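Comments concern the structure below.
The values are calculated or read from the model by the stated rules, or taken from the named source; none is laboratory data. In this analysis, Cβ positions are derived from the backbone assuming ideal geometry, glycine residues included, and neighbour counts consider all displayed protein chains.
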2 protein chains.
Amino acid sequence: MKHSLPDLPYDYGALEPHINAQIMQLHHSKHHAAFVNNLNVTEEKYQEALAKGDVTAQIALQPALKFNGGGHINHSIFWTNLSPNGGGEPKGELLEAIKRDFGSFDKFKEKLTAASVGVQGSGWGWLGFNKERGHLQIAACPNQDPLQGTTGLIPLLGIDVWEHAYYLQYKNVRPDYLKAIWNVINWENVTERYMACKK
Amino acid sequence: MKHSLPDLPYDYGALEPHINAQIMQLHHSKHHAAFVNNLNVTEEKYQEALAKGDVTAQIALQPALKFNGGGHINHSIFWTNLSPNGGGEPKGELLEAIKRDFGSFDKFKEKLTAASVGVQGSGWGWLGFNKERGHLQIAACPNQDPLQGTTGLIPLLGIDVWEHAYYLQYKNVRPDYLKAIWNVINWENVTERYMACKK
Ligand SMILES: [Mn+2]
Ligand SMILES: [Mn+2]
């Protein structure tokens, strides 16, 4: 296909003061850009290996494909989950699903925050939808491992806990970054992803 | 180019009494046959996904590709590492490299045996060649993870320690299986693989 870096739906500084412009610029234009460039290179190498039936090469390329491929997937979703018009609480069917599956919105916040802060090293915190069980589910993924590709869950809301996502502003205080990000969550986008899972 | 199950270079009972015919027949005609068939099915699914640029599908298929792909690679080498003409000790440059890197042939035997018996669960014990360092190296791989694809080492001699490789004959006494396999090692094939790395 030849993947490309998607344009951001807002200005790099639109999420201030919760996430500063310098992080957004570096996070989008440098880290994400690298994943897309390396993903395209990795996909081209795998196509050659498949043509020659080189199983050894296919397996050797799996870490680069998952790492760069997942990085493209994860960050592409991440940008749509944020908005300068975000924050507050969700409404409608998504709010009802959260109460049913987690009890209340506040308890959901605590569990997703704990899952994200509890990540040892680099990874992601995710609110996902389990098609088999038909309910919401919280999961954490290491490094750039994508939720759906590795767990089967449909991603609804992702929290990047890579140090590059918060270290320029919040230093080592990961909880402060988690507390601040709730102010810019685009619940409209999360709702659209949730409704897409239902019939 | 479509992978196929290789024919065994000897009769199923040629390795008796060290490895009985029932294990060889089941190991080759049942287990290996499934890996090659499932490998081909997996490659077709990945080829379609790669054409559409579906990164999620590519990542979801990685476990099946590594498991079935590695199984095809590992067992295809395994059969060539055994021979009714095997046993004894290696000669020539291979014997010299073993003494240099391991001290003596007996010490190499002890180290590869320990690596194979020490595998927790299913996996493989391997004598490999390190292209970067230009010396021999022993490594263990879990499940069907192939040596070269995951470590870069060139496989010279592999020991299958999956329970299906010995449980019918040696029950839970894995050390007895390792003791018997040394009598049927095809050092001629190991030498040809080793010499192919040097130039
Ligand atoms: Mn990131
Ligand atoms: Mn086996």
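Can we say residue A:55 is closer than 30 Å to residue B:40 by Cβ, loosely packed, with under 14 Cβ neighbours inside 10 Å and not charged (D, E, K, R)? Spelling it out, it is not the case that residue A:55 is closer than 30 Å to residue B:40 by Cβ, loosely packed, with under 14 Cβ neighbours inside 10 Å and not charged (D, E, K, R). As a summary of the residue check, residue B:43 satisfies the conditions (1) surrounded by fewer than 17 Cβ atoms within 10 Å (Cβ to Cβ); (2) within 27 Å of residue B:196 (Cβ to Cβ); (3) of a type in the set (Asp, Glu); (4) not assigned by TED's automatic domain parsing to the domain that holds residue B:147 except for the one numbered (1).
Looking at (1) touching a residue at least 60 places away in the same chain (Cβ under 8 Å); (2) surrounded by fewer than 13 Cβ atoms within 10 Å (Cβ to Cβ), which one does residue B:103 not meet, given that it meets all the others? Residue B:103 satisfies all of (1) touching a residue at least 60 places away in the same chain (Cβ under 8 Å); (2) surrounded by fewer than 13 Cβ atoms within 10 Å (Cβ to Cβ) except (1). Among all positions in the stretch B:66-81, there is no residue which is over 21 Å from residue A:52 (Cβ atoms) and surrounded by fewer than 16 Cβ atoms within 10 Å (Cβ to Cβ).
Among the residues of the stretch B:12-27, are any away from ligand 1 (no atom under 16 Å from the Cβ), facing chain A (nearest Cβ under 10 Å), in a helix (DSSP H, G or I) and not small (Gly, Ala, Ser)? Checked against the condition, which is being away from ligand 1 (no atom under 16 Å from the Cβ), facing chain A (nearest Cβ under 10 Å), in a helix (DSSP H, G or I) and not small (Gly, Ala, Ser), the stretch B:12-27 yields no hits at all.
One residue stands out in the stretch B:33-45 among those that are of a type in the set (D, E, K, R) and within 11 Å of chain A (Cβ to nearest Cβ): the one that is farthest from residue B:73 (Cα to Cα), namely B:44.
If we scan the stretch B:166-182, do we find a residue that is of a type in the set (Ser, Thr, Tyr), more than 19 Å from residue B:86 (Cβ to Cβ) and within 16 Å of ligand 2 (Cβ to nearest atom)?
There is at least one residue in the stretch B:166-182 that is of a type in the set (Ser, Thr, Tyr), more than 19 Å from residue B:86 (Cβ to Cβ) and within 16 Å of ligand 2 (Cβ to nearest atom).
Just one of the listed residues (A:5, A:94, A:112, A:82) is in contact (Cβ under 8 Å) with a residue 40 or more places away in the chain and within 16 Å of ligand 1 (Cβ to nearest atom), and it is A:82. Restricting the search to helices (runs of 4 or more DSSP H) fully inside the stretch B:44-151 and requiring at least 2 residues that are within 15 Å of ligand 2 (Cβ to nearest atom) gives B:62-81. The number of residues in the stretch B:46-69 being under 22 Å from residue B:144 (Cα atoms), facing another protein chain (nearest Cβ under 7 Å) and either in contact (Cβ under 8 Å) with a residue 24 or more places away in the chain or more than 29 Å from the chain's Cα centre (by Cα) (or both) comes to 3. Within the stretch B:150-178, the set of residues being charged (D, E, K, R) and free of Cβ contacts under 8 Å to residues at least 12 places away in the same chain comprises B:171, B:176.
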